[PDB]
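Letter by letter, the chains look like this.
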Amino acid sequence: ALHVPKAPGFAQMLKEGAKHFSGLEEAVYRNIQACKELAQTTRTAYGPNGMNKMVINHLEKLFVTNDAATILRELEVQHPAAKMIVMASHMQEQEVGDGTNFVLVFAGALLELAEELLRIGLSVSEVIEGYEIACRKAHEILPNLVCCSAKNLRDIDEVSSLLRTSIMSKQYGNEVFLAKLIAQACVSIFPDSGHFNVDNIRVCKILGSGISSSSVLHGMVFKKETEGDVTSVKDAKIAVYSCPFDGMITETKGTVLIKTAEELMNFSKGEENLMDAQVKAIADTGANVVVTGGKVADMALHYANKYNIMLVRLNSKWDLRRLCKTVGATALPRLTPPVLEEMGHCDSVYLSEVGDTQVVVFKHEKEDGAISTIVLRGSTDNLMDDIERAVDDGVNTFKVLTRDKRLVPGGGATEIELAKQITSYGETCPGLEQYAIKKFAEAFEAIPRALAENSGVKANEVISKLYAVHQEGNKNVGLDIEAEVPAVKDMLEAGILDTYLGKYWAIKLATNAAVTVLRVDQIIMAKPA
Amino acid sequence: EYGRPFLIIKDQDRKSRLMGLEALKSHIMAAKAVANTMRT
Amino acid sequence: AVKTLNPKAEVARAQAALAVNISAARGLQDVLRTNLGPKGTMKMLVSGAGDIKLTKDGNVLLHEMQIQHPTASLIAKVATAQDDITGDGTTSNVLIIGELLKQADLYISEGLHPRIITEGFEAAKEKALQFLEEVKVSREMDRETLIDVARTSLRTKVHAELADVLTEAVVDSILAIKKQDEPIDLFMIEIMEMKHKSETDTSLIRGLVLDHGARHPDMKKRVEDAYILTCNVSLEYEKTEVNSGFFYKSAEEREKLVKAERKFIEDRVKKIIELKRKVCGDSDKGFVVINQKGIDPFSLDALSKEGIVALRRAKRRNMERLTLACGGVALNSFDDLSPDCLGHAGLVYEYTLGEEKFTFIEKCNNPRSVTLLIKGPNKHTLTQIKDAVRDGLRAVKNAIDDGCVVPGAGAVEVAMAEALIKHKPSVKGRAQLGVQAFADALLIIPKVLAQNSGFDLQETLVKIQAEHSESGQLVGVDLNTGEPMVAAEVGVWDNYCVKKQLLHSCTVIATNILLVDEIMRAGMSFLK
Amino acid sequence: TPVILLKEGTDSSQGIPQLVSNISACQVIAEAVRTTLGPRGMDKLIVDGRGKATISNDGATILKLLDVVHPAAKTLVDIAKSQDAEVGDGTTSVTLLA
Ligand SMILES: Nc1ncnc2c1ncn2[C@@H]1O[C@H](COP(=O)(O)OP(=O)(O)O)[C@@H](O)[C@H]1O
Ligand SMILES: Nc1ncnc2c1ncn2[C@@H]1O[C@H](COP(=O)(O)OP(=O)(O)O)[C@@H](O)[C@H]1O
Ligand SMILES: Nc1ncnc2c1ncn2[C@@H]1O[C@H](COP(=O)(O)OP(=O)(O)O)[C@@H](O)[C@H]1O
Ligand SMILES: [Mg+2]
Ligand SMILES: [Mg+2]
Ligand SMILES: [Mg+2]
């Protein structure tokens, strides 16, 4: 038979292994297909009725998680068009922290709905212009829907009911107990200036009995034993050192020089008697606990036990700095006794065993500390990691409430109300752009559809019922979950609210990632290696 | 659901197992060969 | 001939050598013609590692498409030698050469020597350059004019909501660092990019931004008035050049030597402290030390007891940006310390973005080295913006260094086309075919603009050429209606040096290509 | 099709058959330590790749000596180590109960 040759021009000058996809039927319609597959993988984990996912990376490490961002992080993706949707979700995690699945669902519905418009005649530039016009309209309607802002961020009875929505979306059933642990820890380290820091909350995992045995502890805990013999001090004076606990040696290559027999006998005794004075000098200041960050010496350990002093070693650098804030001490770069301002005062330092693990506890009786830790206990190494992330979502919600206290009704009562107002706006615009604005409003129905499909009820009846109530004026009506039949329920009374800043950044980042994919016309890929 | 031969243990196809009484009879026969060499 | 001497040779004799250069020149132009004008389409570039690069500039595209040809390497080097001199006109360079070789082939295929066409290019190049001198308009180049020139070169590489923001940050920056004399010196506008927030927050900072902060946790984070001490002295523990070594004795002489080796470096710190305590007696001013060499943890504990915010290991270029901005002297030794060598700032505060740390210098008296801060949510977005920023800065420096500006929108390519037609009869011989072919290649800029907006390629040219015979006005092509529009009264402006270099470059390369006899590869296969 | 999403080799399963095949995978782990319960229980013999024999009747060490690679079954081996770390007895009674 005959063979079709290669067309002259660019096709004859390409390197081997490279590919070229140019046009509208070869680049745009294929990019939407890759991004539509990505939305169907992470949609199942949406809402309280979401399901976990077993992901194994190439190190044979197993992940049982329900976060949207964590699933995408452990999945390799080789499609360039699907890679921008991933990086759009990872940006919301660092700004807000919650709302990673909203980007995937929204960017999956904006792109799919744009395919239908491209077959009825509309050009790509008309779709991009139509979406941006709708994006600005939603940013003006959104502030008008804010209800029930935060009242007091120092009350333990109010903050606990504001983080419950974030936890209940990830650990359904345990949302009442888990919300009382994060709220007990965030208000303790909340300063008077109001500058909240996320790294001041620590999580330690000890394989033990169960989730209900977890507890908070104002202080720090370590997975290490005690170097010396003293293992309990009632009122301690911690003197933190950064230099190793041994004799001082020069950095230049130095050596001794013994030329007489008399100097040879006194050398060993000279070094030992020198060390006795240095250790005794610190012991006279009342420093019961000495914490180092280097190598302990055999001779230096002997004198530590002689004067009833406690010696703890922490070779982690940054973990040492966190202790300086907890007790209120300063790291000494030199082995000299601290004077007045470099002595940290604790309330109890002791070595205890928790679930067959010997730990050191820097307990504090005061509630006003700098760093607070949360002890997590469970039965499986996988179960504790899943709850580690759920705690982090609650902490990140507290930081956002510090910046912006405004809240919106969640559970789908915001997207449906945003669909009614945008749809009416597009009716008043005569031209080719009115088709794009209407399709923007229909993309807001993909969120209540995802909540109804995961629960086990017919979705089409839910959006049918939501649209009728909101038309009367009830803008605080969402989706019922406990009801077996597809009913509806008020959300402000029930107490399901989301952060205004959480959704404001979700729409902006989702539309940006959807309009960049449409602008691409030609794709020139190199040989994979 | 077509319960295909899913993998449970590593190198499952190169490992053997004896159970029940047949494993108990193999011990006796192995200890009867050793003790009969030292009889003489 | 060569095949008899070296069997493993590849040769292309007679007209097979001209068929390879023409075919490849037209292959690079069918890909580079979709990038012209503000209505071009964006391209995706994916390498072997898996990164994503969305670019529109002809130089970045040519060096990223997988192309292995001899004659496609000559054009690639011509575009590079334009980006580093003028910074604009890389897409129009490939189109003209690709079309100039296409027109010259219609007459070579009709049994005509390629040298006859060569003489026509020389005559047509001398008339075109004499016509450009009388089209340019010499202006004062005030702020309002530089807004229009900078916008023309930024509206084609971003959208309209960004070019309106990046135009103000580029025009303002050039004016702030320009003196009444001396050429505008670059390398004084630092381009810092932070991957956060949206892309509409790209602003201009009247000062300096440094990508590192303080390394002690007991140093101030906000000073409202500070003296900047720029130094290039070493405060690290250093060892003698000649091989030394301590020779001590009983353990008391070891302690007398550890604190005797730190005297040389603790003397430099004690000179700064007395200088700080002299000019700032009351706790109302700050004192910031910026160093180019390292600082020991020991020297970060002596300085932090007096509130001396100190930064180590700055880049060498910042020893010159910090003197123009603040006004101090960058010194190498401490034997002549004086208050006259200290700078002055108005606000120095620290910014932490995740795992990275940034320092801001603001409120300078008379700054001469501003910085640009780039913000964007994606890695490739910060590279797309950084290409436009470079393009917009070289479009303003060119407009100031040359006191003349040429209108754009293709209104000038039509003008050489009409002028060269009336010059055709004045040339004797068969060389009139060179002038006719040269006037046809220059008309590709209006054709591509008319074709990329979705109009008719032929019906639009006849309308543009219907003018400019009946009215001496430089009329260009509109990109929304296709009607003839005057480019000098709307805002479309180009650079005189960009069009001048383009005419010089596109003729020298296409003259040597047309004279190539054969493509011989008789050397070693690889250097081994 | 010409450009594919995940790598070539990413095996994926879901649905009702995915979950039922996990219930049948824990029936093999529980049956490996079923006959070591009570005063009349019998211990097992496991051999490593080198040839060292480990003869024992306790669930915790039996499940540590099997090279279980099934992701669903690896949950039953992790709860056994939890029981022998908190109380130290009842290890093989939480494997039949699970
Ligand atoms: N009790 C509830 N009833 C109805 N909807 C809820 C309830 N709790 C949470 N939701 C909704 O589930 C949505 C998705 O939460 P989740 O999937 O955990 O994170 P993300 O916001 O990243 O998708 C939220 O927008 C919230 O409105
Ligand atoms: N807004 C505009 N309207 C009409 N023509 C324009 C406009 N902006 C630029 N042009 C024209 O497009 C031509 C090419 O610009 P561009 O492709 O952006 O960069 P390059 O000059 O490197 O090809 C210029 O000659 C200019 O005259
Ligand atoms: N005297 C007895 N009579 C009957 N059953 C007993 C007696 N003593 C212990 N058992 C049963 O034997 C079981 C011991 O199981 P064992 O092999 O010890 O499991 P594990 O090692 O996990 O603790 C207990 O569940 C207990 O109910
Ligand atoms: Mg959430
Ligand atoms: Mg340009
Ligand atoms: Mg037992």
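Residues numbered from 1 in each chain as written, not as in the entry; some residues may be left out. Chains lettered and ligands numbered in written order. Part of a larger assembly, values for the part shown. Heavy atoms only, no water.

Q: Explain the interface of chain A and chain C to me, using residue names and the numbers behind them.
A: Each partner contributes residues to the interface: chain A has 51 residues there, and chain C has 49 residues. Interface area, chain A with chain C, both sides summed: about 4500 Å², of which 63% is carbon and sulfur. There are 2 salt bridges connecting chain A and chain C. Between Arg254 of chain C and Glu271 of chain A there is a salt bridge, and its shortest N-O distance comes to 2.6 Å. In this structure, the connection of chain A to chain C is made through 14 residue pairs in polar contact. Those elements giving two or more residues to the side of chain A that touches chain C turn out to be α3 (80-95), α5 (124-141), β9 (255-256), α8 (261-283), α17 (500-519) and β18 (520-525) of chain A. (Contact = heavy atoms within 4.5 Å. Buried area = accessible area lost by both parts, 1.4 Å probe. Salt bridge = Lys/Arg side-chain N within 4 Å of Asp/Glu carboxyl O. Polar contact = N/O pair within 3.5 Å; in protein donor to acceptor, adjacent residues only side chain to side chain. Helix = DSSP H or I, 4+ residues; strand = E, 2+ residues; numbered from the N terminus.)

Q: Lay out the site of ligand 1 in plain terms, naming residues and giving numbers.
A: Residues and elements named next belong to chain A. The environment of ligand 1 is made up of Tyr46, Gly47, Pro48, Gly99, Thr100, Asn101, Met168, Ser169, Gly411, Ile481 and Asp498. Interatomic distance of 3.1 Å between a backbone N/O atom of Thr100 and an oxygen atom of ligand 1. Within the side chain of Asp498, an N or O atom sits 3.3 Å from an oxygen atom of ligand 1. Summarising the interface, the protein chains cover 88% of the accessible area of ligand 1, which totals 560 Å² for the free molecule. Residues that form the shell around ligand 1 fall into these classes: 4 nonpolar, 6 polar and 1 charged. (Near = heavy atom within 4 Å. Areas by Shrake-Rupley, 256 points an atom, 1.4 Å probe, with all protein chains shown as cover. Nonpolar A, V, L, I, M, F, W, Y, C, P; charged D, E, K, R; others polar.)

Q: I'd love a proper account of the site of ligand 3, names of residues and values included.
A: Residue and element names in this part refer to chain D. In the vicinity of ligand 3, the residues found are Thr36, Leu37, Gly38, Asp89, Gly90, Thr91, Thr92 and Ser93. Interatomic distance of 2.5 Å between a side-chain N/O atom of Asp89 and an oxygen atom of ligand 3. Here ligand 3 has 580 Å² of accessible area as a free molecule, and 43% of this is covered by the chains. Counted by class, the shell around ligand 3 contains 1 nonpolar, 6 polar and 1 charged residues.

Q: Give me the nonpolar core: which residues, what numbers.
A: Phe106, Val127, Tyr131, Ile422 and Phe440 of chain A together with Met44 of chain C are the most contacted members of the largest nonpolar core, which has 74 residues in total. Examining the composition of this core, we find that 13 residues originate from one element, helix α4 (residues 100-119) of chain A, more than from any other. Discounting residues that sit within four places of it in the chain, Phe106 of chain A has contacts with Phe440, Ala443, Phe444, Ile447, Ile507, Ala510 and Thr511 of chain A. Formed by 68 residues, the second largest nonpolar core is a distinct cluster that contains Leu45, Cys404, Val412 and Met416 of chain C. (Core = buried A, V, L, I, M, F, W, Y, C linked by side-chain atoms within 4.5 Å. Buried < 20%, exposed > 50% of the residue type's maximum accessible area, 1.4 Å probe, protein only.)

Q: Which residues make up the domain arrangement of chain C, and what values do they have?
A: All names here are of chain C. Along its sequence, chain C is carved into domain 1 (1-139 + 404-528), domain 2 (140-206 + 368-403) and domain 3 (207-367). The distance between the C-alpha centroids of domain 1 and domain 2 comes to 28 Å. Contacts between the two partners involve 25 residues from domain 1 and, on the opposite side, 21 residues from domain 2. Both sides together, the interface formed by domain 1 and domain 2 hides about 2000 Å², and carbon and sulfur atoms give 50% of it. (Domains from an automatic or database assignment.)

Q: Give me the UniProt feature "binding site: Mg(2+)" in chain C: which residues, what numbers.
A: When the UniProt feature table is mapped onto this chain numbering, "binding site: Mg(2+)" sits at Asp88 of chain C. Not counting the four nearest positions on each side in its chain, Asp88 of chain C is found in contact with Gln82, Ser153, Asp391 and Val498 of chain C. (UniProt positions renumbered as here; feature names shortened; annotations may be inferred.)

Q: I'd like to hear about the arrangement of the chains, residue by residue, with values.
A: Here the protein chains form 3 pairs of chains in contact, of which the pair with the most contacts is chains A and C. Across the gap from chain A to chain B, with no contact made, the nearest C-alpha atoms are 13 Å apart. In this view chain B stays clear of chain C, with the nearest C-alpha atoms of the two still 34 Å from each other.

Q: Give me the environment of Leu72 of chain A: which residues, what numbers.
A: All names here are of chain A. Relative to the assigned elements, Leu72 resides in helix α2 (residues 68-74). Each C-alpha atom of the pair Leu72 and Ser22 lies 28 Å from the other, and the pair is 50 residues apart in sequence. When neighbours within four sequence positions are excluded, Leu72 is seen to be in contact with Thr42, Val86, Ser89 and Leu104.

Q: Provide a residue-level description of helix α8 (residues 160-176) of chain C, including the pertinent values.
A: Residues and elements named next belong to chain C. Between the first and last C-alpha of α8 there are 25 Å, a value that for 17 residues agrees with the 24 Å anticipated at 1.5 Å per step. Among all positions of α8, only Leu162, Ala163, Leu166, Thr167, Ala169, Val170, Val171, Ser173, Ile174 and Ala176 are buried. Elements that come into contact with the buried residues of α8 comprise α7 (143-152), β4 (203-205), β13 (371-375) and α13 (379-401). (Expected span 1.5 Å × (residues − 1).)

Q: Can you lay out the environment of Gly456 of chain A for me, pointing to particular residues and giving the numbers?
A: Within the element layout of this structure, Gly456 of chain A appears in the loop between α14 (446-455) and α15 (459-472). Note: C-alpha distance between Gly456 of chain A and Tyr46 of chain A (410 residues apart in sequence) is 13 Å.

Q: Tell me about the pattern of salt bridges, residues and numbers included.
A: Residues and elements named next belong to chain A. For the structure on display, the rule yields 40 salt bridges over all chains. A salt bridge links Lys170 to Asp67; the shortest N-O distance between them is 3.2 Å. Note that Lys170 is positioned in the loop between α6 (164-168) and α7 (175-186) and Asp67 in the loop between β3 (62-65) and α2, a separation of 103 residues in sequence. The buried category is assigned to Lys170, whose relative accessible area is 12%. Each of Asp67, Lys170 and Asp386 takes part in one network of salt bridges that share partners.

Q: Give a detailed account of the interface of chain A and chain D, specifying residues and quantitative values.
A: Bring the parts together and some accessible area is lost; that lost area is often taken as the interface size. Contact with chain A, which involves 24 residues of that partner, is made by 14 residues of chain D. Counting the surface chain A buries against chain D, the share from its top three residues, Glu76, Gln78 and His79 of chain A, is 29%. The tally of links between chain A and chain D comes to 1 salt bridge. In this structure, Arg377 of chain A engages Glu86 of chain D in a salt bridge whose closest nitrogen and oxygen atoms are separated by 3.1 Å. Across the contact surface, chain A and chain D share 6 residue pairs in polar contact. Counting only elements with at least two residues in the side of chain A that touches chain D, the list comes to α1 (24-42), β2 (53-56) and β15 (372-378) of chain A. If you tally residues by element for the side of chain A that touches chain D, the top one is α1 of chain A, at 4 residues. Each residue belonging to the side of chain A that touches chain D can be placed in one class, and the counts come to 10 nonpolar, 8 polar and 6 charged.

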